């Protein structure tokens, strides 16, 4: 499957280091973003602590590493993440923030959508203890023609 390059939004920072990971935890998160296109829950779960959580905010949260892995595996049964571009990354107080576009493709329909997402990650000892992505679900559902909620 061919995926077109994600363009830079008008508002992308004039500060050229805004997309740069400047700490070990930010570097882990950018590596994790790169890994999302694997569509591989077993590969992804290695980034997570045992005590952890994951939530796409328009949907219910998963608590615990097993539940997070099951949620990811379920997601990749239906969707492919074809590309991720992180425009901005920053961090304070044990939390890392990423402003991104993720290209998501619904396997049942063949249709794709570039999702605007702002995400937050909590890390302890270099492992993810929380990951929440915020975006509008209805826009995704309408674009890929697949109800998710």
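Positions refer to the first chain, counted from 1.
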* Structure fact -> Higher of the two mean Cα B-factors (9-17, 124-132; per PDB record) comes from 9-17
* Residue, from 69, 99, 50, 26, that the PDB entry assigns the highest Cα B-factor -> 50
* Structure fact -> Of the residues 89, 42, 117, 104, the one whose Cα carries the largest B-factor in the deposited record is 42
* **Chain-wide C-alpha B factor ranking for residue 56, given as lowest, middle or highest third** => lowest
